[PDB]
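Undergrad: Next comes the structure file run.txt, holding compact mmCIF, C-alpha atoms.
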```
# COMPACT_ATOMS: atom_id res chain seq x y z
CA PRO M 5 -23.97 -39.20 24.06
CA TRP M 6 -27.70 -38.53 24.19
CA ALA M 7 -27.18 -34.86 23.68
CA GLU M 8 -24.79 -35.48 20.84
CA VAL M 9 -27.47 -37.54 19.20
CA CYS M 10 -29.98 -34.81 19.77
CA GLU M 11 -27.43 -32.46 18.25
CA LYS M 12 -27.15 -34.66 15.23
CA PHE M 13 -30.89 -34.53 15.14
CA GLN M 14 -30.82 -30.83 15.46
CA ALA M 15 -28.35 -30.61 12.66
CA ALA M 16 -30.41 -32.90 10.49
CA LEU M 17 -33.45 -30.91 11.40
CA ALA M 18 -31.76 -27.74 10.31
CA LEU M 19 -30.65 -29.50 7.19
CA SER M 20 -34.21 -30.54 6.47
CA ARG M 21 -34.93 -26.81 6.45
CA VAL M 22 -32.09 -26.47 3.97
CA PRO M 32 -28.10 -28.83 -8.13
CA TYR M 33 -31.04 -30.48 -6.41
CA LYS M 34 -31.06 -28.77 -2.97
CA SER M 35 -33.14 -31.64 -1.47
CA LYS M 36 -33.39 -35.45 -1.43
CA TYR M 37 -29.82 -35.64 -2.56
CA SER M 38 -28.37 -35.91 0.96
CA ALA M 39 -31.77 -35.37 2.60
CA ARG M 40 -32.53 -39.00 1.99
CA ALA M 41 -29.18 -39.75 3.55
CA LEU M 42 -30.29 -37.71 6.54
CA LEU M 43 -33.45 -39.77 6.65
CA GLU M 44 -31.25 -42.80 6.92
CA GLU M 45 -28.90 -40.99 9.30
CA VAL M 46 -31.83 -40.59 11.59
CA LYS M 47 -32.70 -44.21 11.14
CA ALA M 48 -29.11 -44.94 12.03
CA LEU M 49 -29.74 -42.92 15.19
CA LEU M 50 -32.83 -44.97 15.89
CA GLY M 51 -30.20 -47.67 16.52
CA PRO M 52 -28.47 -45.79 19.45
CA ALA M 53 -31.85 -44.59 20.79
CA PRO M 54 -31.44 -47.95 22.56
CA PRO M 86 -40.15 -44.29 30.59
CA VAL M 87 -39.70 -46.63 27.64
CA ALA M 88 -43.27 -45.71 26.80
CA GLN M 89 -42.15 -42.17 26.36
CA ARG M 90 -39.14 -43.34 24.42
CA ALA M 91 -41.62 -44.88 22.04
CA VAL M 92 -43.41 -41.57 21.82
CA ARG M 93 -40.17 -39.88 20.88
CA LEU M 94 -39.51 -42.57 18.34
CA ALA M 95 -42.98 -42.19 16.88
CA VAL M 96 -42.29 -38.53 16.33
CA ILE M 97 -39.07 -39.37 14.66
CA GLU M 98 -40.90 -41.77 12.45
CA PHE M 99 -43.35 -39.02 11.62
CA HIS M 100 -40.52 -36.94 10.33
CA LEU M 101 -39.07 -39.91 8.52
CA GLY M 102 -42.48 -40.28 6.85
CA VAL M 103 -42.25 -36.61 5.95
CA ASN M 104 -38.82 -37.29 4.56
CA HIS M 105 -40.52 -39.98 2.44
CA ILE M 106 -42.44 -37.66 0.19
CA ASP M 107 -40.61 -36.95 -3.06
CA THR M 108 -43.62 -35.32 -4.72
CA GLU M 109 -45.71 -37.81 -2.71
CA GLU M 110 -44.30 -40.62 -4.85
CA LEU M 111 -43.02 -42.48 -1.83
CA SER M 112 -46.10 -44.49 -0.88
CA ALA M 113 -43.85 -46.47 1.44
CA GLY M 114 -43.78 -43.33 3.58
CA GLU M 115 -47.56 -43.38 3.54
CA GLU M 116 -47.44 -46.90 4.86
CA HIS M 117 -45.03 -45.85 7.54
CA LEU M 118 -47.34 -43.04 8.53
CA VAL M 119 -50.17 -45.50 8.79
CA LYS M 120 -48.04 -47.64 11.05
CA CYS M 121 -47.28 -44.54 13.07
CA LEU M 122 -50.95 -43.69 13.27
CA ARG M 123 -51.64 -47.05 14.81
CA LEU M 124 -48.93 -46.39 17.36
CA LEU M 125 -50.33 -42.93 17.99
CA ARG M 126 -53.86 -44.23 18.51
CA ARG M 127 -52.51 -46.44 21.29
CA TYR M 128 -52.82 -43.40 23.59
CA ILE M 135 -49.14 -34.19 21.28
CA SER M 136 -51.37 -32.51 18.67
CA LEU M 137 -48.86 -33.50 16.03
CA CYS M 138 -50.85 -36.67 15.76
CA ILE M 139 -53.79 -34.82 14.24
CA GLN M 140 -51.50 -32.79 12.10
CA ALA M 141 -50.19 -36.11 10.85
CA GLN M 142 -53.74 -37.32 10.51
CA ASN M 143 -54.45 -34.33 8.35
CA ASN M 144 -51.35 -35.19 6.32
CA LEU M 145 -52.85 -38.60 5.84
CA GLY M 146 -56.11 -36.90 4.84
CA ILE M 147 -54.46 -35.17 1.90
CA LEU M 148 -53.18 -38.51 0.72
CA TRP M 149 -56.73 -39.77 0.70
CA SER M 150 -57.47 -36.66 -1.33
CA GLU M 151 -54.92 -37.92 -3.83
CA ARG M 152 -56.67 -41.29 -3.63
CA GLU M 153 -60.10 -39.57 -4.01
CA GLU M 154 -61.15 -40.98 -0.63
CA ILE M 155 -62.89 -37.91 0.60
CA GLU M 156 -65.05 -39.62 3.17
CA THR M 157 -62.15 -40.91 5.20
CA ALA M 158 -60.31 -37.63 4.94
CA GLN M 159 -63.50 -35.94 6.04
CA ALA M 160 -63.70 -38.12 9.08
CA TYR M 161 -60.11 -37.37 9.88
CA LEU M 162 -60.65 -33.68 9.88
CA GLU M 163 -63.82 -33.96 11.88
CA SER M 164 -62.08 -35.95 14.55
CA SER M 165 -59.15 -33.59 14.58
CA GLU M 166 -61.54 -30.86 15.69
CA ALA M 167 -63.50 -33.07 17.97
CA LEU M 168 -60.38 -33.98 19.84
CA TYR M 169 -59.47 -30.40 20.46
CA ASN M 170 -62.92 -29.71 21.70
CA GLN M 171 -62.74 -32.86 23.78
CA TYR M 172 -59.79 -31.28 25.49
CA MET M 173 -61.68 -28.12 26.03
CA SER M 200 -47.53 -20.58 22.05
CA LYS M 201 -47.79 -20.12 18.29
CA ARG M 202 -48.37 -23.44 16.48
CA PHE M 203 -51.94 -24.12 17.57
CA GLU M 204 -53.15 -20.75 16.59
CA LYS M 205 -51.90 -21.40 13.12
CA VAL M 206 -52.87 -24.97 12.48
CA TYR M 207 -56.30 -24.65 13.96
CA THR M 208 -57.26 -22.38 11.15
CA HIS M 209 -55.34 -24.37 8.61
CA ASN M 210 -57.60 -27.24 9.35
CA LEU M 211 -60.63 -25.14 8.70
CA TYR M 212 -59.13 -24.23 5.36
CA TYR M 213 -58.63 -27.85 4.51
CA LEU M 214 -62.22 -28.53 5.42
CA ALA M 215 -63.48 -25.75 3.23
CA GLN M 216 -61.77 -27.39 0.28
CA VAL M 217 -63.45 -30.64 1.14
CA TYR M 218 -66.70 -28.86 1.51
CA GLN M 219 -66.32 -27.44 -1.93
CA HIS M 220 -66.28 -30.96 -3.25
CA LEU M 221 -69.06 -31.97 -0.90
CA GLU M 222 -70.96 -28.78 -1.65
CA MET M 223 -71.28 -27.94 2.09
CA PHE M 224 -71.71 -24.30 1.19
CA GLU M 225 -72.77 -22.89 4.49
CA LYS M 226 -70.18 -24.74 6.46
CA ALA M 227 -67.39 -23.41 4.40
CA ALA M 228 -68.86 -19.98 4.91
CA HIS M 229 -68.93 -20.53 8.64
CA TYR M 230 -65.29 -21.41 8.61
CA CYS M 231 -64.42 -18.40 6.59
CA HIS M 232 -65.72 -16.19 9.32
CA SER M 233 -63.90 -18.11 11.98
CA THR M 234 -60.62 -17.80 10.16
CA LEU M 235 -61.16 -14.12 9.99
CA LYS M 236 -62.01 -14.27 13.66
CA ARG M 237 -58.75 -15.82 14.62
CA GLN M 238 -56.96 -13.49 12.30
CA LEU M 239 -58.58 -10.67 14.26
CA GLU M 240 -57.58 -12.30 17.53
CA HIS M 241 -54.01 -12.13 16.41
CA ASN M 242 -52.03 -9.67 14.33
CA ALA M 243 -52.04 -11.39 10.93
CA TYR M 244 -53.35 -8.44 8.92
CA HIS M 245 -53.39 -6.79 5.53
CA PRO M 246 -56.08 -4.25 4.44
CA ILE M 247 -56.47 -5.41 0.87
CA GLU M 248 -57.20 -8.94 1.81
CA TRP M 249 -59.79 -7.70 4.20
CA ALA M 250 -61.47 -5.68 1.52
CA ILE M 251 -61.69 -8.49 -0.91
CA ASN M 252 -62.91 -10.79 1.75
CA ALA M 253 -65.82 -8.53 2.34
CA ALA M 254 -66.37 -8.39 -1.38
CA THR M 255 -66.88 -12.09 -1.55
CA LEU M 256 -68.89 -12.40 1.58
CA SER M 257 -71.29 -9.82 0.34
CA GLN M 258 -72.18 -11.81 -2.69
CA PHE M 259 -72.54 -14.92 -0.64
CA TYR M 260 -75.12 -13.41 1.60
CA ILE M 261 -76.73 -11.76 -1.37
CA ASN M 262 -77.22 -15.12 -2.93
CA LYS M 263 -78.54 -16.36 0.39
CA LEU M 264 -80.71 -13.25 0.73
CA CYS M 265 -79.28 -12.41 4.14
CA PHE M 266 -78.97 -8.79 3.29
CA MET M 267 -79.36 -7.61 6.79
CA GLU M 268 -76.22 -9.39 7.85
CA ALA M 269 -74.33 -8.45 4.77
CA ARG M 270 -74.80 -4.81 5.70
CA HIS M 271 -71.98 -4.91 8.21
CA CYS M 272 -69.47 -6.60 5.95
CA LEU M 273 -68.18 -4.01 3.58
CA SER M 274 -68.90 -1.41 6.09
CA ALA M 275 -66.62 -3.38 8.41
CA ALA M 276 -64.03 -3.02 5.75
CA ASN M 277 -64.79 0.68 5.79
CA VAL M 278 -63.45 0.60 9.33
CA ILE M 279 -60.40 -1.28 8.03
CA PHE M 280 -59.71 1.60 5.63
CA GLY M 281 -57.76 3.40 8.38
CA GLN M 282 -54.75 1.73 6.79
CA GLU M 301 -51.19 0.53 -7.68
CA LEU M 302 -53.89 -0.91 -5.41
CA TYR M 303 -52.61 1.61 -2.87
CA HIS M 304 -55.08 3.84 -4.54
CA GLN M 305 -56.79 1.58 -7.06
CA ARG M 306 -58.40 -0.72 -4.47
CA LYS M 307 -60.95 1.91 -3.68
CA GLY M 308 -62.97 1.39 -6.83
CA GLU M 309 -63.43 -2.29 -6.29
CA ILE M 310 -64.87 -1.40 -2.99
CA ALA M 311 -67.14 1.15 -4.52
CA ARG M 312 -68.30 -1.42 -7.04
CA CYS M 313 -69.33 -3.55 -4.17
CA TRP M 314 -71.13 -0.64 -2.56
CA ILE M 315 -73.07 -0.30 -5.78
CA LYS M 316 -73.96 -3.91 -5.66
CA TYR M 317 -75.35 -3.47 -2.18
CA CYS M 318 -77.65 -0.86 -3.43
CA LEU M 319 -78.52 -2.85 -6.50
CA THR M 320 -79.73 -5.70 -4.43
CA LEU M 321 -81.57 -3.41 -2.18
CA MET M 322 -83.45 -2.16 -5.17
CA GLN M 323 -83.98 -5.73 -6.19
CA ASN M 324 -85.48 -6.25 -2.79
CA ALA M 325 -87.75 -3.34 -3.59
CA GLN M 326 -88.58 -5.30 -6.75
CA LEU M 327 -90.34 -7.87 -4.62
CA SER M 328 -93.28 -5.55 -5.23
CA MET M 329 -93.36 -4.85 -8.95
CA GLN M 330 -94.53 -1.48 -10.30
CA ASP M 331 -95.76 -2.83 -13.62
CA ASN M 332 -98.51 -4.79 -11.93
CA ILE M 333 -99.65 -1.90 -9.72
CA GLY M 334 -100.68 1.72 -9.86
CA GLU M 335 -99.90 4.35 -7.25
CA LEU M 336 -100.92 1.95 -4.49
CA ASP M 337 -98.41 -0.20 -2.71
CA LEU M 338 -97.51 -1.25 0.80
CA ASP M 339 -100.75 -3.12 1.01
CA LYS M 340 -98.69 -5.49 3.08
CA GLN M 341 -98.15 -5.10 6.78
CA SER M 342 -95.96 -2.44 8.20
CA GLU M 343 -93.57 -3.98 10.68
CA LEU M 344 -90.73 -1.82 9.48
CA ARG M 345 -89.95 -1.15 13.12
CA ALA M 346 -91.46 -4.35 14.49
CA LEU M 347 -90.38 -5.29 17.96
CA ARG M 348 -91.00 -8.78 16.69
CA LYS M 349 -88.22 -8.34 14.21
CA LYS M 350 -86.13 -6.61 16.87
CA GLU M 351 -86.40 -9.46 19.35
CA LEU M 352 -86.06 -12.22 16.84
CA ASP M 353 -83.05 -10.43 15.52
CA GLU M 354 -81.80 -10.20 19.03
CA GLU M 355 -82.10 -13.98 19.19
CA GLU M 356 -80.54 -14.41 15.76
CA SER M 357 -77.97 -11.78 16.35
CA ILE M 358 -76.63 -13.81 19.18
CA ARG M 359 -74.95 -15.47 16.24
CA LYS M 360 -74.79 -12.54 13.79
CA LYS M 361 -73.08 -10.17 16.24
CA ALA M 362 -70.08 -12.47 16.47
CA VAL M 363 -68.80 -10.67 13.36
CA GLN M 364 -68.31 -7.70 15.61
CA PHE M 365 -64.93 -8.79 16.86
CA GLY M 366 -64.04 -5.20 17.68
CA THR M 367 -63.96 -5.85 21.45
CA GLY M 368 -65.73 -2.57 22.08
CA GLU M 369 -63.06 -0.32 20.54
CA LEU M 370 -63.64 -1.22 16.96
CA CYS M 371 -67.15 -2.14 17.79
CA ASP M 372 -67.51 1.56 18.49
CA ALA M 373 -65.93 2.33 15.16
CA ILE M 374 -68.48 -0.05 13.81
CA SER M 375 -71.12 1.65 15.88
CA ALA M 376 -70.37 4.87 14.08
CA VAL M 377 -70.60 2.87 10.90
CA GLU M 378 -73.85 1.31 12.10
CA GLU M 379 -75.56 4.51 11.07
CA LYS M 380 -75.51 3.06 7.59
CA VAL M 381 -75.72 -0.57 8.65
CA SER M 382 -79.12 0.36 10.08
CA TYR M 383 -80.65 0.64 6.60
CA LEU M 384 -83.10 -2.22 6.14
CA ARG M 385 -86.47 -1.67 4.46
CA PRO M 386 -86.76 2.07 3.59
CA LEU M 387 -89.47 3.77 1.55
CA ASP M 388 -89.29 7.50 0.60
CA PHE M 389 -85.56 7.80 0.87
CA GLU M 390 -84.64 7.71 -2.76
CA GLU M 391 -82.78 10.92 -2.17
CA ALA M 392 -80.77 9.25 0.55
CA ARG M 393 -80.27 6.25 -1.66
CA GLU M 394 -78.69 8.41 -4.33
CA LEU M 395 -76.56 10.12 -1.72
CA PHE M 396 -75.20 6.75 -0.70
CA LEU M 397 -74.08 6.40 -4.27
CA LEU M 398 -72.73 9.89 -4.39
CA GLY M 399 -70.38 9.27 -1.50
CA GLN M 400 -69.01 6.22 -3.26
CA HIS M 401 -69.46 7.85 -6.65
CA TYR M 402 -66.59 10.05 -5.69
CA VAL M 403 -64.62 6.88 -5.23
CA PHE M 404 -65.93 5.69 -8.58
CA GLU M 405 -64.64 8.86 -10.14
CA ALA M 406 -61.25 8.09 -8.67
CA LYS M 407 -61.45 4.58 -10.09
CA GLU M 408 -62.09 6.09 -13.50
CA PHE M 409 -58.68 7.69 -13.01
CA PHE M 410 -57.45 4.21 -12.19
CA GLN M 411 -58.79 2.50 -15.32
CA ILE M 412 -57.31 2.52 -18.83
CA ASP M 413 -60.22 3.91 -20.85
CA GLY M 414 -61.72 0.38 -21.21
CA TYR M 415 -63.19 -0.76 -17.95
CA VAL M 416 -63.82 2.97 -17.45
CA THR M 417 -66.71 2.72 -19.80
CA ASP M 418 -67.78 -0.62 -18.42
CA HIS M 419 -68.24 0.80 -14.96
CA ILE M 420 -69.84 3.95 -16.25
CA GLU M 421 -72.46 1.66 -17.79
CA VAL M 422 -73.06 0.17 -14.41
CA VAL M 423 -73.42 3.49 -12.69
CA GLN M 424 -75.66 4.87 -15.37
CA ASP M 425 -78.13 2.08 -15.09
CA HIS M 426 -77.84 2.18 -11.36
CA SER M 427 -78.50 5.88 -11.35
CA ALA M 428 -81.49 5.37 -13.61
CA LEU M 429 -82.81 2.73 -11.27
CA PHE M 430 -82.79 5.16 -8.39
CA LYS M 431 -85.05 7.31 -10.45
CA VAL M 432 -87.12 4.29 -11.27
CA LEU M 433 -87.65 3.93 -7.55
CA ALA M 434 -88.68 7.55 -7.50
CA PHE M 435 -91.95 7.00 -9.36
CA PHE M 436 -92.85 10.67 -9.83
CA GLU M 437 -93.94 12.47 -12.99
CA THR M 438 -91.72 15.51 -13.09
CA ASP M 439 -88.28 14.01 -13.48
CA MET M 440 -86.53 12.68 -16.55
CA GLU M 441 -83.36 14.62 -15.97
CA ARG M 442 -81.32 11.65 -14.89
CA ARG M 443 -82.33 9.95 -18.07
CA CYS M 444 -80.91 12.89 -19.93
CA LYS M 445 -77.81 12.99 -17.74
CA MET M 446 -76.96 9.41 -18.31
CA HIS M 447 -77.89 9.75 -21.95
CA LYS M 448 -75.20 12.35 -22.34
CA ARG M 449 -72.79 9.81 -20.92
CA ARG M 450 -74.13 7.19 -23.37
CA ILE M 451 -73.17 9.36 -26.29
CA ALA M 452 -69.71 9.97 -24.94
CA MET M 453 -69.34 6.25 -24.35
CA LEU M 454 -70.40 5.48 -27.92
CA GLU M 455 -67.46 7.39 -29.48
CA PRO M 456 -64.74 4.90 -28.02
CA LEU M 457 -65.55 2.51 -30.92
CA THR M 458 -62.73 4.44 -32.59
CA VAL M 459 -60.31 2.83 -30.13
CA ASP M 460 -61.97 -0.56 -30.48
CA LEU M 461 -62.57 -1.44 -34.12
CA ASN M 462 -62.50 -5.12 -33.46
CA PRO M 463 -65.77 -6.65 -34.62
CA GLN M 464 -67.15 -6.64 -31.08
CA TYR M 465 -70.63 -6.85 -32.48
CA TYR M 466 -72.45 -7.78 -29.35
CA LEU M 467 -70.32 -5.50 -27.21
CA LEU M 468 -71.68 -2.75 -29.38
CA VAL M 469 -75.14 -4.29 -29.44
CA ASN M 470 -75.14 -4.11 -25.67
CA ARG M 471 -74.33 -0.45 -25.97
CA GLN M 472 -77.07 -0.16 -28.60
CA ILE M 473 -79.41 -1.89 -26.17
CA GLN M 474 -78.51 0.72 -23.66
CA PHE M 475 -79.73 3.23 -26.26
CA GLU M 476 -82.77 1.01 -26.82
CA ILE M 477 -83.42 1.41 -23.15
CA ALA M 478 -82.75 5.13 -23.32
CA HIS M 479 -85.29 5.55 -26.00
CA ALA M 480 -87.54 3.03 -24.35
CA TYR M 481 -87.37 5.41 -21.41
CA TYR M 482 -88.13 8.23 -23.78
CA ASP M 483 -91.14 6.21 -24.89
CA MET M 484 -91.91 5.60 -21.23
CA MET M 485 -91.94 9.33 -20.67
CA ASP M 486 -94.15 9.90 -23.69
```
Taking this structure as input, can you express it in the form of C-alpha cells?
TA:
Amino acid sequence: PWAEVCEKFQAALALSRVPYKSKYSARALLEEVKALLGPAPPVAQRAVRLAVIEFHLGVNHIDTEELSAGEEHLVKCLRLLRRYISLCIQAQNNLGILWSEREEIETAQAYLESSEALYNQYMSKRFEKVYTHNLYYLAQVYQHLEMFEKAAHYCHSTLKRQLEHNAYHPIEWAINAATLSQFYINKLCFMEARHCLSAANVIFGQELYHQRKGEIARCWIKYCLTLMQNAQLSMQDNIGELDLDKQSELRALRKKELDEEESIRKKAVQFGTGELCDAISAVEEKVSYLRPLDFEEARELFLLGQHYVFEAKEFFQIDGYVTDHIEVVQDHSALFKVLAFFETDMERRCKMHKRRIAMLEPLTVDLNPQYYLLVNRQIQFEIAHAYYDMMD
C-alpha cells in the first residue's frame, strides 16, 4: 500500500497547509507520519526519503520555535544529509535562523556562505525564489556585521533576478531607486547613481497612483543637490572669479577607458536586454551628465521638468508637507543661482522670498508652540536678508 501511504502523506501534507487551526491535530499528523515511518519498512534512497520526512517532522516541531527538540532532530538530519536535493541547504538556512535566535551569527554566516558555494560548485520555480531569499537573509546578517557593500551588492542581484522573471510592481521599483540613490550618494559614486532613478523613469510606463510622483521628484532634487555639493568641492568663498585651475579631463579618454573597465561591472544594472537598454539609452541623455560647468540654465531646467511633478505633489499634500517641500525647492532654486555667480540677478531671491512670506502665514493653522519650527522659517528669512546683504 505504498501509494496509499503516499496518499496519507499527501493528505497530511495538504493538512499541513491547512479554534487553533494548527498544532491541534497537526501534531497528531506529525505523529501520523511517524507512524508511517513504521510501514516505510535502493535502501540508501529510502533513507533519503526518510530524511526528507524527518525534515518536515522537524518543521512540524516548531510551535513558535519553542520545540528545541525539533532543532535537535534537524541537527541529526543535517548529519545524515552531510553523508552525501537543495532542500538540504534550505534546511541549513532554517538552522541558520535558529542560530540567529541563539545569537550565533558566525555559524549562521558560514551556513549561508556554504549554501551559495554549493550552488556555484554545481555550476522550475523553487530555485529562482529561494536563491534570492538567501541573499535577503545574508543582507540581514550583513546589517549586523556591517558588511555594507555586500548587502548592497545583493540588493542589485535581487533586483536582477526580479528583472529576469516577472515579479514586478512599479512603486517598489521607484522606492528601490530612492534608497539606492542615497547609498551611492553616501559612497560618492554619483556617476553610477545617475542611472538609478532614471531607470525608474523607464519603469514609469506603468493614492500613490498619482502621489508617488512627488517622492520621485524629491529624489530628483536630491540628485541635483548632491551635484551642486560636488561643485562645492571648489568653494567660492575662498576664490574670486578664477576657478578650474585644476586639470580639464572633463572628456578624458582616461576616464572613458577606466570607466569602460569599471563599467564592466556598472553596466550590469542595465538588465534591459537591448529593448529596455534602448529605453535607457534614450534616458542616457540625462545619465550622461557628469561634471558640467556653464549649464546652470540646464540645471534649472532639470528642476523645472520635475518641478511640474513637484507642483502635482503639492496637490497631493495636506497643506503641511506642502510647505516643507516648498522650503526645499526654494533653497534648491536659490542654490542654482548661487552656482550662477553673476552680478545682474537677484530675481530668484525675490521669487523665493515671495514664497517665504506666503509660507509664513500658515502659523495660523499651526499655533502649537513649534518654536524651532518657526525659528527655522525665521532662519530662512535670515538667509533671505543675508542674501539681501550679500547683494548689497
Undergrad: If I take atom CA of residue 139 of chain M and atom CA of residue 165 of chain M, how far is one from the other in Å, to one decimal?
TA: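 Going from atom CA of residue 139 of chain M over to atom CA of residue 165 of chain M covers 5.5 Å.
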Undergrad: Please identify all polymer residues within 12 Å of residue 107 of chain M, counting all atoms listed in the file, omitting same-chain residues fewer than 6 positions from it, and present them as an MDAnalysis selection string.
TA: chainID M and resid 35:37 39:40 113:115
Undergrad: Quick one: distance from atom CA of residue 172 of chain M to atom CA of residue 360 of chain M in Å, one decimal?
TA: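 Those two atoms sit 26.7 Å apart.
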Undergrad: At a cut-off of 10 Å, using all atoms listed in the file, what residues contact segment 231-241 of chain M? Leave out same-chain residues fewer than 5 positions from it and give the result as a PDB file with C-alpha atoms, in the frame of the given file.
TA:
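result36.pdb, freshly written:
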```pdb
ATOM      1  CA  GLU M 204     -53.150 -20.750  16.590  1.00  0.00           C
ATOM      2  CA  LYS M 205     -51.900 -21.400  13.120  1.00  0.00           C
ATOM      3  CA  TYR M 207     -56.300 -24.650  13.960  1.00  0.00           C
ATOM      4  CA  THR M 208     -57.260 -22.380  11.150  1.00  0.00           C
ATOM      5  CA  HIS M 209     -55.340 -24.370   8.610  1.00  0.00           C
ATOM      6  CA  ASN M 210     -57.600 -27.240   9.350  1.00  0.00           C
ATOM      7  CA  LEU M 211     -60.630 -25.140   8.700  1.00  0.00           C
ATOM      8  CA  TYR M 212     -59.130 -24.230   5.360  1.00  0.00           C
ATOM      9  CA  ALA M 215     -63.480 -25.750   3.230  1.00  0.00           C
ATOM     10  CA  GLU M 225     -72.770 -22.890   4.490  1.00  0.00           C
ATOM     11  CA  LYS M 226     -70.180 -24.740   6.460  1.00  0.00           C
ATOM     12  CA  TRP M 249     -59.790  -7.700   4.200  1.00  0.00           C
ATOM     13  CA  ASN M 252     -62.910 -10.790   1.750  1.00  0.00           C
ATOM     14  CA  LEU M 256     -68.890 -12.400   1.580  1.00  0.00           C
ATOM     15  CA  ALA M 362     -70.080 -12.470  16.470  1.00  0.00           C
ATOM     16  CA  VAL M 363     -68.800 -10.670  13.360  1.00  0.00           C
ATOM     17  CA  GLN M 364     -68.310  -7.700  15.610  1.00  0.00           C
ATOM     18  CA  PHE M 365     -64.930  -8.790  16.860  1.00  0.00           C
ATOM     19  CA  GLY M 366     -64.040  -5.200  17.680  1.00  0.00           C
ATOM     20  CA  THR M 367     -63.960  -5.850  21.450  1.00  0.00           C
TER      21      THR M 367
END
```
Undergrad: Which residues are close to residue 441 of chain M, i.e. within 10 Å by only C-alpha atoms, leaving aside same-chain residues fewer than 4 positions away? Reply as an MDAnalysis selection string.
TA: chainID M and resid 428 431 445:447
Undergrad: Listing only residues of segment 412-464 of chain M within 9 Å of segment 403-408 of chain M, what is the closest atom pair and its distance in Å (to one decimal) for each, using all atoms listed in the file, sorted by chain and residue number ascending, as CSV?
TA:
```
residue,atom,partner,partner_atom,distance
M:412,CA,M:408,CA,8.0
M:413,CA,M:408,CA,7.9
M:415,CA,M:408,CA,8.2
M:416,CA,M:408,CA,5.3
M:417,CA,M:408,CA,8.5
M:419,CA,M:408,CA,8.2
M:420,CA,M:408,CA,8.5
M:423,CA,M:404,CA,8.8
```
Undergrad: What is the atom CA of residue 117 of chain M-atom CA of residue 102 of chain M distance in Å, reported with one decimal?
TA: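 Spanning atom CA of residue 117 of chain M to atom CA of residue 102 of chain M is a straight-line distance of 6.2 Å.
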Undergrad: Kindly indicate which residue among M:477, M:384, M:135, M:103 lies nearest to residue 89 of chain M, using all atoms listed in the file for the distances.
TA: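 Distance minimum relative to residue 89 of chain M lands on M:135.
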Undergrad: Taking into account only C-alpha atoms, which residue in the set M:221, M:329, M:267, M:315 is nearest to residue 382 of chain M?
TA: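 That would be M:267, the residue with the smallest distance to residue 382 of chain M.
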Undergrad: Point out the residue among M:98, M:421, M:8, M:268 with the least atom-to-atom distance to residue 359 of chain M, counting only C-alpha atoms.
TA: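 Of the candidates, the smallest distance to residue 359 of chain M is held by M:268.
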Undergrad: Select, from M:338, M:327, M:454, M:319, the residue with the minimum atom-to-atom distance to residue 427 of chain M, counting only C-alpha atoms.
TA: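 Nearest candidate to residue 427 of chain M out of M:338, M:327, M:454, M:319: M:319.
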Undergrad: Please write as a CSV table (one decimal) with C-alpha atoms, in the frame of the given file the list of polymer residues whose atoms come within 12 Å of (-51.7, 2.2, -5.9), counting all atoms listed in the file and keeping to the coordinates of the file.
TA:
```
chain,number,residue,atom,x,y,z
M,247,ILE,CA,-56.5,-5.4,0.9
M,301,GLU,CA,-51.2,0.5,-7.7
M,302,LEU,CA,-53.9,-0.9,-5.4
M,303,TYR,CA,-52.6,1.6,-2.9
M,304,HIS,CA,-55.1,3.8,-4.5
M,305,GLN,CA,-56.8,1.6,-7.1
M,306,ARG,CA,-58.4,-0.7,-4.5
M,307,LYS,CA,-61.0,1.9,-3.7
M,308,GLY,CA,-63.0,1.4,-6.8
M,406,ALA,CA,-61.2,8.1,-8.7
M,407,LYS,CA,-61.4,4.6,-10.1
M,409,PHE,CA,-58.7,7.7,-13.0
M,410,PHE,CA,-57.4,4.2,-12.2
M,411,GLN,CA,-58.8,2.5,-15.3
```
Undergrad: Counting only C-alpha atoms, which of M:123, M:47, M:21, M:450 gets nearest to residue 468 of chain M?
TA: M:450
Undergrad: Taking (-82.9, 2.9, 6.6) in the file's coordinates, which residues come within 12 Å, counting only C-alpha atoms, written as a VMD selection string?
TA: chain M and resid 267 270 318 321 344 to 345 378 to 393 396
Undergrad: Just want the 9 Å neighbourhood of residue 42 of chain M, counted on all atoms listed in the file, with same-chain residues fewer than 5 positions away dropped. Output as a list in words.
TA: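 Here the qualifying residues turn out to be residues 16, 17, 19, 20, 36, 47 and 104 of chain M.
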Undergrad: When you count only C-alpha atoms, which of these residues is closest to residue 111 of chain M: M:452, M:260, M:481, M:148?
TA: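 Ranking M:452, M:260, M:481, M:148 by distance to residue 111 of chain M, first place goes to M:148.
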Undergrad: Name all residues at most 9 Å from residue 96 of chain M (count all atoms listed in the file; drop same-chain ones fewer than 3 positions away) and give them as a list in words.
TA: residues 91, 92, 93, 99, 100, 101, 121, 137 and 138 of chain M
